[PDB]
There are 2 protein chains.
Amino acid sequence: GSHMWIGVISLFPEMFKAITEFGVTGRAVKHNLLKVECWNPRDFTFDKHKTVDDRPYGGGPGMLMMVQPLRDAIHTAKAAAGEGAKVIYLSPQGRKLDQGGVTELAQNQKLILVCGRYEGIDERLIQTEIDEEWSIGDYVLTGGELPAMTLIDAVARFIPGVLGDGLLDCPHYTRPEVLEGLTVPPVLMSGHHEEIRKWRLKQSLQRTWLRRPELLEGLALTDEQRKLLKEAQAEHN
Amino acid sequence: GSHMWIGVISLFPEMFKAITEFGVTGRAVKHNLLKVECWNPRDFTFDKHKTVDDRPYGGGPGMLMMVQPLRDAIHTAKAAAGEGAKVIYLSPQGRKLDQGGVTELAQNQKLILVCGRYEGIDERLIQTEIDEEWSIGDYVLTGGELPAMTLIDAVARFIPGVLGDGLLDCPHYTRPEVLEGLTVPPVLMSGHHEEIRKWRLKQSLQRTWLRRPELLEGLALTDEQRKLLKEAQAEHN
Ligand SMILES: NC(=O)c1ccc(NCc2ccccc2N2CCOCC2)nc1
Ligand SMILES: NC(=O)c1ccc(NCc2ccccc2N2CCOCC2)nc1
């Protein structure tokens with residue numbers, strides 16, 4: 001319906017099986033709400049040894065991706081996407097991913113995700129081939145594959161059919177009623193819907209407050225939420 | 001040598017092939033610097049339909065992981081790890097992952113990673129079975145598998161043998177010398193090692209400053225770095 005097409009440039013396309021063949025993302029794929037198409041720069045080399053890396057100008061420890069096979073793979077993917085596909089490079093230098101960014105990215109019907117390996121890609125390719133850099137967080141990984149997959153899984157949740165607000169989740173409980181002495185909170189057994197809604201909300205406000213206070217600053221809380229937050233805080237002191 | 005053992009509890013162990021069979025992490029695995037062992041809660045069920053989910057107390061939209069098969073899988077993994085294994089739950093409510101956290105986590109020789117599906121796990125299991133909650137970032141995914149894999153890849157980089165400071169990376173360049181009109185910066189061709197070191201460092205300082213200014217506040221810059229930052233800023237105005 002409002003499905004999504006995602007192109008992937010990667011030296012390890014088979015990695016993407018982790019999201020295409022399992023769980024919710026796997027189902028989204030099989031029901032054609034999500035399409036993940038991979039192009040491997042190795043297929044675009046011409047030398048006998050299928051070389052995909054190259055030496056950094058200026059010396060240095062590592063390698064970069066070799067420009068020609070990487071550039072060609074990107075062009076082929078763009079031609080498959082038609083007009084309107086946004087090309088994203090996953091990197092530490094990129095805009096930090098958060099839920100607002102995920103909802104932004106989900107608006108696009110077509111994405112091309114370029115996954116860096118070695119010490120990354122030539123600076124000039126970013127300028128000519130890439131629309132936006134994104135980071136999933138302030139940490140270094142061996143490849144852009146996992147951040148690509150992470151991005152894909154996150155936006156996939158916003159596609160209609162795939163499934164069935166500033167705050168951390170409340171605690172959840174299932175069977176049994178007593179577990180290693182710990183009991184389930186009586187309000188959740190009471191059956192009183194509205195009392196349950198308020199407890200969960202208070203919990204979220206309390207949990208957000210104690211674990212991630214800065215998240216509360218971005219929010220314009222409701223009167224109810226202000227009340228429920230004030231209460232939780234009173235009970236804490 | 002200083003190898004690492006990682007236990008994984010997951011309804012989709014085959015997802016972990018993305019890191020165990022490819023690239024640098026794949027090599028670390030094959031050379032026995034890294035070991036990733038999976039236990040699937042589905043194997044610990046006893047009913048005919050191998051049920052791994054259960055109904056939330058208090059009503060609500062989704063399901064949680066069923067406590068018994070999840071709890072049993074965790075216990076089996078702990079017994080495989082012996083003493084000293086830290087059990088981590090990947091979740092949005094967790095401590096935010098960043099490089100400092102990765103270097104912290106890398107200190108452990110044994111990790112058990114519990115991957116939530118559905119609306120997650122019973123609150124009481126966190127209290128009894130989990131040592132630390134971690135988040136890879138402020139975004140929601142369909143499973144803890146990708147955040148687990150992300151964690152694994154990140155700490156793996158700190159194991160000796162696996163491979164060959166507050167700032168974003170400098171630009172990188174490889175062949176050709178001219179690409180769509182864009183040339184490689186002459187300093188990188190000059191062969192002057194020390195001039196090259198300073199340019200790369202200035203770039204990092206400039207890039208960090210323009211993209212992620214707050215990262216600069218955490219740092220106690222060197223005199224050189226203060227000088228190189230001041231310069232970059234002068235040239236910007
Ligand atoms: N946080 C993220 O979004 C993220 C993304 C990728 C990534 N690695 C891929 C990568 C991409 C771009 C540049 C360098 C690199 N790396 C190459 C391998 O060496 C480290 C540098 N790491 C983290
Ligand atoms: N940022 C992270 O580290 C991260 C980790 C996991 C994750 N999802 C697994 C999960 C784990 C715990 C609780 C709920 C859930 N989810 C179940 C699926 O529905 C959403 C809630 N998402 C993001």
# chains A, B, ... in the order shown; residues from 1 in each chain; ligands from 1
>>> select_by_dssp(residues="range 86-150 of chain B", states="strand (DSSP E or B)", output="PyMOL selection string")
chain B and resi 86-96+110-115+132-135
>>> write_last_selection(atoms="N, CA, C and O atoms", output="PDB file, in the first residue's frame")
ATOM      1  N   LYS B  86      28.243 -11.096  32.858  1.00  0.00           N
ATOM      2  CA  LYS B  86      27.290  -9.998  33.042  1.00  0.00           C
ATOM      3  C   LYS B  86      26.086 -10.155  32.098  1.00  0.00           C
ATOM      4  O   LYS B  86      26.247 -10.322  30.886  1.00  0.00           O
ATOM      5  N   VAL B  87      24.880 -10.126  32.647  1.00  0.00           N
ATOM      6  CA  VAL B  87      23.686 -10.259  31.820  1.00  0.00           C
ATOM      7  C   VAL B  87      23.111  -8.888  31.466  1.00  0.00           C
ATOM      8  O   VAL B  87      22.751  -8.101  32.346  1.00  0.00           O
ATOM      9  N   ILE B  88      23.028  -8.626  30.165  1.00  0.00           N
ATOM     10  CA  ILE B  88      22.550  -7.356  29.639  1.00  0.00           C
ATOM     11  C   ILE B  88      21.239  -7.519  28.885  1.00  0.00           C
ATOM     12  O   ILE B  88      21.106  -8.412  28.050  1.00  0.00           O
ATOM     13  N   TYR B  89      20.285  -6.644  29.183  1.00  0.00           N
ATOM     14  CA  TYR B  89      19.038  -6.529  28.426  1.00  0.00           C
ATOM     15  C   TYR B  89      19.068  -5.316  27.510  1.00  0.00           C
ATOM     16  O   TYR B  89      19.211  -4.187  27.974  1.00  0.00           O
ATOM     17  N   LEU B  90      18.943  -5.535  26.208  1.00  0.00           N
ATOM     18  CA  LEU B  90      18.920  -4.411  25.266  1.00  0.00           C
ATOM     19  C   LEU B  90      17.508  -3.830  25.231  1.00  0.00           C
ATOM     20  O   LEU B  90      16.541  -4.545  24.923  1.00  0.00           O
ATOM     21  N   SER B  91      17.383  -2.546  25.566  1.00  0.00           N
ATOM     22  CA  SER B  91      16.084  -1.887  25.545  1.00  0.00           C
ATOM     23  C   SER B  91      16.241  -0.372  25.484  1.00  0.00           C
ATOM     24  O   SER B  91      17.267   0.161  25.902  1.00  0.00           O
ATOM     25  N   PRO B  92      15.221   0.321  24.951  1.00  0.00           N
ATOM     26  CA  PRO B  92      15.113   1.783  24.995  1.00  0.00           C
ATOM     27  C   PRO B  92      15.266   2.372  26.396  1.00  0.00           C
ATOM     28  O   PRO B  92      15.744   3.496  26.507  1.00  0.00           O
ATOM     29  N   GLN B  93      14.880   1.636  27.437  1.00  0.00           N
ATOM     30  CA  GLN B  93      14.957   2.139  28.818  1.00  0.00           C
ATOM     31  C   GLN B  93      16.372   2.092  29.366  1.00  0.00           C
ATOM     32  O   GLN B  93      16.640   2.614  30.439  1.00  0.00           O
ATOM     33  N   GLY B  94      17.267   1.438  28.638  1.00  0.00           N
ATOM     34  CA  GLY B  94      18.610   1.197  29.117  1.00  0.00           C
ATOM     35  C   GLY B  94      19.542   2.389  29.057  1.00  0.00           C
ATOM     36  O   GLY B  94      19.227   3.416  28.465  1.00  0.00           O
ATOM     37  N   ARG B  95      20.699   2.239  29.690  1.00  0.00           N
ATOM     38  CA  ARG B  95      21.777   3.202  29.563  1.00  0.00           C
ATOM     39  C   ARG B  95      22.150   3.371  28.098  1.00  0.00           C
ATOM     40  O   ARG B  95      22.303   2.390  27.367  1.00  0.00           O
ATOM     41  N   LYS B  96      22.297   4.618  27.673  1.00  0.00           N
ATOM     42  CA  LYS B  96      22.609   4.904  26.284  1.00  0.00           C
ATOM     43  C   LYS B  96      24.011   4.430  25.954  1.00  0.00           C
ATOM     44  O   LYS B  96      24.969   4.764  26.650  1.00  0.00           O
ATOM     45  N   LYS B 110      33.003 -12.382  29.703  1.00  0.00           N
ATOM     46  CA  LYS B 110      31.751 -13.055  29.370  1.00  0.00           C
ATOM     47  C   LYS B 110      30.544 -12.120  29.434  1.00  0.00           C
ATOM     48  O   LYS B 110      30.352 -11.397  30.407  1.00  0.00           O
ATOM     49  N   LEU B 111      29.742 -12.147  28.377  1.00  0.00           N
ATOM     50  CA  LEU B 111      28.472 -11.436  28.340  1.00  0.00           C
ATOM     51  C   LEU B 111      27.323 -12.373  27.970  1.00  0.00           C
ATOM     52  O   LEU B 111      27.480 -13.294  27.151  1.00  0.00           O
ATOM     53  N   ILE B 112      26.171 -12.141  28.590  1.00  0.00           N
ATOM     54  CA  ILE B 112      24.946 -12.768  28.146  1.00  0.00           C
ATOM     55  C   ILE B 112      24.026 -11.659  27.674  1.00  0.00           C
ATOM     56  O   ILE B 112      23.732 -10.743  28.429  1.00  0.00           O
ATOM     57  N   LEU B 113      23.603 -11.725  26.412  1.00  0.00           N
ATOM     58  CA  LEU B 113      22.692 -10.722  25.856  1.00  0.00           C
ATOM     59  C   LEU B 113      21.288 -11.290  25.681  1.00  0.00           C
ATOM     60  O   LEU B 113      21.083 -12.262  24.968  1.00  0.00           O
ATOM     61  N   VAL B 114      20.328 -10.694  26.377  1.00  0.00           N
ATOM     62  CA  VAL B 114      18.936 -11.110  26.286  1.00  0.00           C
ATOM     63  C   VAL B 114      18.200 -10.192  25.307  1.00  0.00           C
ATOM     64  O   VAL B 114      18.200  -8.966  25.487  1.00  0.00           O
ATOM     65  N   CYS B 115      17.589 -10.777  24.275  1.00  0.00           N
ATOM     66  CA  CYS B 115      16.934 -10.001  23.215  1.00  0.00           C
ATOM     67  C   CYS B 115      15.428 -10.072  23.322  1.00  0.00           C
ATOM     68  O   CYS B 115      14.842 -11.137  23.114  1.00  0.00           O
ATOM     69  N   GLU B 132      22.365  -5.300  33.856  1.00  0.00           N
ATOM     70  CA  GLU B 132      22.342  -3.957  33.283  1.00  0.00           C
ATOM     71  C   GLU B 132      21.433  -3.898  32.057  1.00  0.00           C
ATOM     72  O   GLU B 132      21.429  -4.814  31.230  1.00  0.00           O
ATOM     73  N   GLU B 133      20.656  -2.823  31.951  1.00  0.00           N
ATOM     74  CA  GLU B 133      19.964  -2.492  30.712  1.00  0.00           C
ATOM     75  C   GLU B 133      20.797  -1.533  29.865  1.00  0.00           C
ATOM     76  O   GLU B 133      21.369  -0.577  30.380  1.00  0.00           O
ATOM     77  N   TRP B 134      20.875  -1.788  28.564  1.00  0.00           N
ATOM     78  CA  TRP B 134      21.527  -0.838  27.663  1.00  0.00           C
ATOM     79  C   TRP B 134      20.650  -0.505  26.467  1.00  0.00           C
ATOM     80  O   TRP B 134      19.878  -1.346  26.004  1.00  0.00           O
ATOM     81  N   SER B 135      20.775   0.724  25.974  1.00  0.00           N
ATOM     82  CA  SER B 135      20.148   1.122  24.716  1.00  0.00           C
ATOM     83  C   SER B 135      21.189   1.557  23.711  1.00  0.00           C
ATOM     84  O   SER B 135      22.155   2.225  24.064  1.00  0.00           O
TER      85      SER B 135
END
>>> closest_atom_pairs(of="chain A", to="ligand 1", cutoff="6 Å", atoms="only C-alpha atoms and all ligand atoms", output="CSV")
residue,atom,partner,partner_atom_place_in_ligand_line,distance
A:90,CA,ligand 1,5 (C),4.6
A:91,CA,ligand 1,5 (C),3.5
A:92,CA,ligand 1,1 (N),4.4
A:116,CA,ligand 1,11 (C),4.3
A:117,CA,ligand 1,17 (C),4.7
A:118,CA,ligand 1,17 (C),4.8
A:119,CA,ligand 1,17 (C),4.4
A:120,CA,ligand 1,13 (C),4.2
A:135,CA,ligand 1,3 (O),3.4
A:136,CA,ligand 1,3 (O),4.1
A:137,CA,ligand 1,1 (N),4.6
A:138,CA,ligand 1,1 (N),5.7
A:139,CA,ligand 1,1 (N),5.1
A:140,CA,ligand 1,22 (N),4.1
A:141,CA,ligand 1,22 (N),3.8
A:142,CA,ligand 1,18 (C),4.2
A:143,CA,ligand 1,9 (C),3.9
A:144,CA,ligand 1,6 (C),4.0
A:147,CA,ligand 1,3 (O),5.1
>>> closest_residue(among="B:18, B:105, B:219, B:6", to="chain A", atoms="only C-alpha atoms")
B:18
>>> residues_around(residues="range 25-32 of chain A", least_positions_apart="2", cutoff="10 Å", atoms="only C-alpha atoms", output="VMD selection string")
(chain A and resid 1 3 to 5 17 to 23 34 to 36 152 to 154 156 to 157 159 to 163) or (chain B and resid 142 to 143)
>>> closest_residue(among="A:98, A:41, A:63, A:7", to="residue 78 in chain A", atoms="only C-alpha atoms")
A:7
>>> closest_residue(among="A:122, A:37, A:47, A:83", to="chain B", atoms="only C-alpha atoms")
A:122
>>> residues_around(residues="residue 179 in chain B", least_positions_apart="3", cutoff="12 Å", atoms="only C-alpha atoms", output="number ranges by chain")
A: 67-68, 71, 122-129; B: 173-176, 182-184
>>> residues_around(residues="range 167-170 of chain A", least_positions_apart="3", cutoff="6 Å", atoms="only C-alpha atoms", output="PyMOL selection string")
(chain A and resi 200+203-204+208) or (chain B and resi 93)
>>> write_last_selection(atoms="C-alpha atoms", output="PDB file, in the first residue's frame")
ATOM      1  CA  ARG A 200       1.128   3.036  33.444  1.00  0.00           C
ATOM      2  CA  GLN A 203       5.213   4.860  35.772  1.00  0.00           C
ATOM      3  CA  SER A 204       6.439   6.149  32.378  1.00  0.00           C
ATOM      4  CA  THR A 208      11.617   8.838  32.333  1.00  0.00           C
TER       5      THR A 208
ATOM      6  CA  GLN B  93      14.957   2.139  28.818  1.00  0.00           C
TER       7      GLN B  93
END
>>> calpha_fit_and_write(fixed="chain B", moving="chain A", output="compact mmCIF listing (two decimals) with C-alpha atoms, in the first residue's frame")
# COMPACT_ATOMS: atom_id res chain seq x y z
CA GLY A 1 44.11 -14.69 23.95
CA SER A 2 42.08 -12.02 25.70
CA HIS A 3 39.15 -13.55 23.77
CA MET A 4 35.47 -12.95 24.53
CA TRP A 5 32.47 -15.21 25.09
CA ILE A 6 28.99 -13.91 24.35
CA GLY A 7 25.78 -15.74 25.17
CA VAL A 8 22.61 -14.83 23.34
CA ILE A 9 19.00 -15.49 24.23
CA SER A 10 16.87 -14.96 21.10
CA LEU A 11 13.85 -16.26 19.21
CA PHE A 12 15.92 -15.72 16.04
CA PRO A 13 19.45 -17.10 16.60
CA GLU A 14 20.00 -17.38 12.86
CA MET A 15 19.96 -13.59 12.68
CA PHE A 16 23.35 -13.70 14.43
CA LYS A 17 24.85 -15.23 11.29
CA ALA A 18 25.06 -11.64 10.06
CA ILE A 19 28.00 -11.12 12.43
CA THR A 20 29.36 -14.67 12.87
CA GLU A 21 29.80 -15.55 9.19
CA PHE A 22 31.01 -12.29 7.59
CA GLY A 23 33.67 -9.61 7.61
CA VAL A 24 35.86 -8.83 10.56
CA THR A 25 33.50 -10.31 13.16
CA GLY A 26 33.25 -13.48 11.10
CA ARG A 27 37.03 -13.75 11.15
CA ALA A 28 37.22 -13.11 14.88
CA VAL A 29 34.78 -15.99 15.30
CA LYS A 30 36.68 -18.40 13.04
CA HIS A 31 40.00 -17.56 14.71
CA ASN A 32 38.37 -18.12 18.11
CA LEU A 33 38.86 -14.59 19.44
CA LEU A 34 35.09 -14.31 19.64
CA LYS A 35 32.48 -16.87 20.53
CA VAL A 36 28.75 -16.21 20.18
CA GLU A 37 26.54 -18.94 21.63
CA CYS A 38 22.76 -18.80 21.17
CA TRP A 39 19.92 -20.25 23.21
CA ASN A 40 16.37 -20.07 21.86
CA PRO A 41 13.46 -19.85 24.36
CA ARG A 42 11.42 -21.85 21.84
CA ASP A 43 13.57 -24.86 22.76
CA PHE A 44 12.54 -24.53 26.39
CA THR A 45 8.79 -24.67 25.91
CA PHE A 46 6.83 -27.85 26.65
CA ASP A 47 3.41 -27.27 25.07
CA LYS A 48 2.57 -28.75 21.66
CA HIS A 49 2.72 -25.35 19.96
CA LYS A 50 6.01 -24.14 21.43
CA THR A 51 4.47 -20.96 22.81
CA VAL A 52 6.89 -18.18 23.61
CA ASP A 53 4.53 -15.25 24.22
CA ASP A 54 1.91 -14.52 26.88
CA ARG A 55 -0.84 -11.99 27.77
CA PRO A 56 -0.01 -8.76 29.64
CA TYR A 57 -1.57 -8.31 33.05
CA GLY A 58 -3.80 -5.26 32.97
CA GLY A 59 -4.90 -5.62 29.37
CA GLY A 60 -3.23 -3.79 26.53
CA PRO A 61 -2.55 -4.21 22.80
CA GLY A 62 0.37 -6.66 22.57
CA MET A 63 2.07 -9.65 24.19
CA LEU A 64 5.16 -10.19 26.29
CA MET A 65 7.67 -12.95 26.20
CA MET A 66 6.41 -15.91 28.13
CA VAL A 67 8.28 -16.07 31.43
CA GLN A 68 8.96 -19.82 31.77
CA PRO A 69 10.74 -20.51 28.44
CA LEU A 70 12.57 -17.18 28.62
CA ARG A 71 13.66 -17.73 32.24
CA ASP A 72 14.83 -21.29 31.56
CA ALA A 73 16.88 -20.24 28.50
CA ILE A 74 18.62 -17.60 30.60
CA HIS A 75 19.51 -20.11 33.33
CA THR A 76 20.98 -22.54 30.88
CA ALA A 77 23.17 -19.79 29.42
CA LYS A 78 24.37 -18.69 32.89
CA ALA A 79 25.39 -22.25 33.64
CA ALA A 80 27.36 -22.36 30.39
CA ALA A 81 29.16 -19.12 31.23
CA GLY A 82 30.24 -20.05 34.72
CA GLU A 83 30.85 -17.23 37.20
CA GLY A 84 31.48 -13.65 36.18
CA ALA A 85 29.19 -13.31 33.16
CA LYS A 86 27.29 -10.00 33.04
CA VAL A 87 23.69 -10.26 31.82
CA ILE A 88 22.55 -7.36 29.64
CA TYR A 89 19.04 -6.53 28.43
CA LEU A 90 18.92 -4.41 25.27
CA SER A 91 16.08 -1.89 25.55
CA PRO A 92 15.11 1.78 24.99
CA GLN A 93 14.96 2.14 28.82
CA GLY A 94 18.61 1.20 29.12
CA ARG A 95 21.78 3.20 29.56
CA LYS A 96 22.61 4.90 26.28
CA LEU A 97 25.43 3.22 24.42
CA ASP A 98 28.41 5.32 23.40
CA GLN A 99 32.11 4.55 22.92
CA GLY A 100 32.92 4.96 26.61
CA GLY A 101 30.23 2.39 27.35
CA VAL A 102 31.56 0.04 24.69
CA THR A 103 35.06 0.21 26.24
CA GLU A 104 33.48 -0.43 29.63
CA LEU A 105 31.54 -3.48 28.36
CA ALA A 106 34.62 -4.82 26.56
CA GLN A 107 36.33 -5.35 29.94
CA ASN A 108 34.07 -8.33 30.63
CA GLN A 109 35.30 -11.69 29.36
CA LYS A 110 31.75 -13.05 29.37
CA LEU A 111 28.47 -11.44 28.34
CA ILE A 112 24.95 -12.77 28.15
CA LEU A 113 22.69 -10.72 25.86
CA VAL A 114 18.94 -11.11 26.29
CA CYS A 115 16.93 -10.00 23.21
CA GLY A 116 13.36 -8.89 23.78
CA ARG A 117 10.54 -9.45 21.28
CA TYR A 118 6.81 -8.53 21.38
CA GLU A 119 6.28 -5.76 23.97
CA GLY A 120 9.31 -7.13 25.87
CA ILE A 121 9.92 -9.07 29.07
CA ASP A 122 8.24 -9.22 32.45
CA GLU A 123 9.51 -6.48 34.79
CA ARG A 124 10.39 -9.03 37.48
CA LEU A 125 12.83 -10.90 35.22
CA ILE A 126 14.79 -7.68 34.86
CA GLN A 127 15.13 -7.49 38.64
CA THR A 128 16.12 -11.13 39.12
CA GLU A 129 17.93 -12.11 35.92
CA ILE A 130 19.40 -8.90 34.48
CA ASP A 131 22.45 -6.96 35.63
CA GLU A 132 22.34 -3.96 33.28
CA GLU A 133 19.96 -2.49 30.71
CA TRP A 134 21.53 -0.84 27.66
CA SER A 135 20.15 1.12 24.72
CA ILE A 136 21.90 1.63 21.40
CA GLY A 137 19.93 4.80 20.85
CA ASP A 138 16.67 6.64 21.31
CA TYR A 139 14.66 4.64 18.78
CA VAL A 140 12.34 1.65 18.71
CA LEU A 141 13.06 -1.58 16.85
CA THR A 142 11.17 -4.87 16.43
CA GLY A 143 13.62 -6.91 18.45
CA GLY A 144 16.70 -6.71 20.63
CA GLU A 145 18.63 -8.81 18.10
CA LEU A 146 19.98 -5.85 16.08
CA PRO A 147 20.95 -3.92 19.22
CA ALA A 148 22.61 -7.11 20.53
CA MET A 149 24.50 -7.59 17.25
CA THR A 150 25.48 -3.92 17.31
CA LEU A 151 26.85 -4.30 20.83
CA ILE A 152 28.75 -7.47 19.88
CA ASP A 153 30.35 -5.88 16.80
CA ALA A 154 31.36 -2.79 18.79
CA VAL A 155 33.09 -4.58 21.68
CA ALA A 156 34.67 -7.08 19.27
CA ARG A 157 36.78 -4.23 17.89
CA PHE A 158 38.54 -4.09 21.27
CA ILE A 159 39.63 -7.71 21.32
CA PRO A 160 43.32 -8.01 20.49
CA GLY A 161 43.82 -9.53 17.04
CA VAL A 162 40.40 -8.59 15.70
CA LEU A 163 41.65 -5.52 13.79
CA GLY A 164 45.07 -4.93 12.19
CA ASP A 165 39.55 10.12 20.79
CA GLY A 166 36.47 12.32 21.12
CA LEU A 167 36.43 13.72 17.58
CA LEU A 168 34.79 13.02 14.21
CA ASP A 169 36.99 11.48 11.53
CA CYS A 170 38.76 13.65 8.95
CA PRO A 171 37.91 13.34 5.22
CA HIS A 172 39.51 10.42 3.38
CA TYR A 173 40.70 10.22 -0.20
CA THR A 174 41.71 7.48 -2.61
CA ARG A 175 42.04 7.15 -6.42
CA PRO A 176 41.49 8.92 -8.69
CA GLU A 177 43.28 12.20 -8.03
CA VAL A 178 40.39 14.00 -9.79
CA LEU A 179 36.77 12.86 -9.36
CA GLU A 180 33.91 14.76 -11.06
CA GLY A 181 36.16 17.83 -10.96
CA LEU A 182 36.95 17.47 -7.27
CA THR A 183 40.64 17.12 -6.57
CA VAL A 184 42.46 15.57 -3.66
CA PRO A 185 43.91 18.11 -1.18
CA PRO A 186 47.60 18.73 -2.13
CA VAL A 187 48.84 18.24 1.43
CA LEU A 188 47.96 14.53 1.14
CA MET A 189 50.15 14.19 -1.97
CA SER A 190 53.03 16.19 -0.57
CA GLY A 191 54.49 13.27 1.34
CA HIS A 192 55.18 15.50 4.32
CA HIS A 193 54.03 13.25 7.17
CA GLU A 194 53.89 15.92 9.88
CA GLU A 195 51.99 18.41 7.69
CA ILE A 196 49.55 15.61 6.89
CA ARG A 197 49.04 14.71 10.56
CA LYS A 198 48.18 18.32 11.38
CA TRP A 199 45.74 18.77 8.49
CA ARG A 200 43.82 15.60 9.41
CA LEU A 201 43.69 16.76 13.03
CA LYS A 202 42.54 20.24 12.08
CA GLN A 203 39.85 18.69 9.87
CA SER A 204 38.61 16.48 12.75
CA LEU A 205 38.48 19.49 15.04
CA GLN A 206 36.71 21.55 12.39
CA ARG A 207 34.30 18.72 11.52
CA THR A 208 33.53 18.02 15.19
CA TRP A 209 32.94 21.75 15.73
CA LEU A 210 30.51 22.26 12.85
CA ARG A 211 28.58 18.97 13.10
CA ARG A 212 28.66 18.06 16.80
CA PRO A 213 29.78 21.07 18.91
CA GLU A 214 28.66 19.51 22.17
CA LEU A 215 31.22 16.72 21.69
CA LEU A 216 33.94 19.39 21.99
CA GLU A 217 32.74 20.40 25.46
CA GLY A 218 33.58 17.01 26.94
CA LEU A 219 37.16 17.31 25.78
CA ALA A 220 40.18 18.89 27.41
CA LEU A 221 41.90 19.88 24.19
CA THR A 222 45.68 19.97 23.82
CA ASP A 223 47.51 23.22 23.02
CA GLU A 224 47.97 21.93 19.49
CA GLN A 225 44.30 21.09 19.29
CA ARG A 226 43.30 24.48 20.72
CA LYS A 227 45.53 26.15 18.14
CA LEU A 228 44.23 24.00 15.26
CA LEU A 229 40.62 24.53 16.35
CA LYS A 230 41.11 28.33 16.64
CA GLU A 231 42.60 28.38 13.13
CA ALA A 232 39.78 26.38 11.55
CA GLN A 233 37.28 28.71 13.20
CA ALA A 234 39.18 31.78 11.96
CA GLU A 235 39.08 30.44 8.41
CA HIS A 236 35.35 29.83 8.75
CA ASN A 237 34.59 33.51 9.44
>>> select_by_dssp(residues="range 6-95 of chain A", states="alpha helix (DSSP H)", output="VMD selection string")
chain A and resid 17 to 20 23 to 30 67 to 81
>>> decode(residues="range 190-201 of chain A", atoms="N, CA, C and O atoms", output="PDB file, in the first residue's frame")
ATOM      1  N   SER A 190      -7.025  -5.450  38.777  1.00  0.00           N
ATOM      2  CA  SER A 190      -8.270  -4.877  39.268  1.00  0.00           C
ATOM      3  C   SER A 190      -9.321  -4.801  38.171  1.00  0.00           C
ATOM      4  O   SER A 190     -10.515  -4.774  38.443  1.00  0.00           O
ATOM      5  N   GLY A 191      -8.873  -4.747  36.927  1.00  0.00           N
ATOM      6  CA  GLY A 191      -9.799  -4.681  35.814  1.00  0.00           C
ATOM      7  C   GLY A 191     -10.276  -3.272  35.531  1.00  0.00           C
ATOM      8  O   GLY A 191     -10.946  -3.029  34.533  1.00  0.00           O
ATOM      9  N   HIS A 192      -9.932  -2.335  36.408  1.00  0.00           N
ATOM     10  CA  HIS A 192     -10.341  -0.954  36.214  1.00  0.00           C
ATOM     11  C   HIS A 192      -9.449  -0.270  35.177  1.00  0.00           C
ATOM     12  O   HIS A 192      -8.351   0.213  35.495  1.00  0.00           O
ATOM     13  N   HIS A 193      -9.942  -0.246  33.939  1.00  0.00           N
ATOM     14  CA  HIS A 193      -9.213   0.296  32.795  1.00  0.00           C
ATOM     15  C   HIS A 193      -8.584   1.664  33.036  1.00  0.00           C
ATOM     16  O   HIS A 193      -7.383   1.841  32.836  1.00  0.00           O
ATOM     17  N   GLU A 194      -9.393   2.623  33.470  1.00  0.00           N
ATOM     18  CA  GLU A 194      -8.915   3.979  33.691  1.00  0.00           C
ATOM     19  C   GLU A 194      -7.876   4.097  34.820  1.00  0.00           C
ATOM     20  O   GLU A 194      -6.935   4.880  34.713  1.00  0.00           O
ATOM     21  N   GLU A 195      -8.013   3.317  35.888  1.00  0.00           N
ATOM     22  CA  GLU A 195      -6.966   3.304  36.911  1.00  0.00           C
ATOM     23  C   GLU A 195      -5.677   2.715  36.335  1.00  0.00           C
ATOM     24  O   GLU A 195      -4.569   3.144  36.674  1.00  0.00           O
ATOM     25  N   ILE A 196      -5.823   1.723  35.464  1.00  0.00           N
ATOM     26  CA  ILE A 196      -4.659   1.093  34.864  1.00  0.00           C
ATOM     27  C   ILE A 196      -3.941   2.054  33.919  1.00  0.00           C
ATOM     28  O   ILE A 196      -2.710   2.131  33.932  1.00  0.00           O
ATOM     29  N   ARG A 197      -4.703   2.793  33.114  1.00  0.00           N
ATOM     30  CA  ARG A 197      -4.102   3.759  32.200  1.00  0.00           C
ATOM     31  C   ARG A 197      -3.258   4.774  32.959  1.00  0.00           C
ATOM     32  O   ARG A 197      -2.161   5.125  32.522  1.00  0.00           O
ATOM     33  N   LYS A 198      -3.760   5.227  34.103  1.00  0.00           N
ATOM     34  CA  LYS A 198      -3.084   6.277  34.861  1.00  0.00           C
ATOM     35  C   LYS A 198      -1.818   5.778  35.556  1.00  0.00           C
ATOM     36  O   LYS A 198      -0.812   6.511  35.640  1.00  0.00           O
ATOM     37  N   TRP A 199      -1.859   4.533  36.034  1.00  0.00           N
ATOM     38  CA  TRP A 199      -0.690   3.931  36.675  1.00  0.00           C
ATOM     39  C   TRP A 199       0.454   3.759  35.670  1.00  0.00           C
ATOM     40  O   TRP A 199       1.586   4.131  35.940  1.00  0.00           O
ATOM     41  N   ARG A 200       0.145   3.205  34.508  1.00  0.00           N
ATOM     42  CA  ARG A 200       1.128   3.036  33.444  1.00  0.00           C
ATOM     43  C   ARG A 200       1.754   4.362  33.041  1.00  0.00           C
ATOM     44  O   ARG A 200       2.964   4.442  32.799  1.00  0.00           O
ATOM     45  N   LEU A 201       0.922   5.402  32.978  1.00  0.00           N
ATOM     46  CA  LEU A 201       1.380   6.724  32.580  1.00  0.00           C
ATOM     47  C   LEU A 201       2.244   7.328  33.662  1.00  0.00           C
ATOM     48  O   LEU A 201       3.282   7.920  33.373  1.00  0.00           O
TER      49      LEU A 201
END
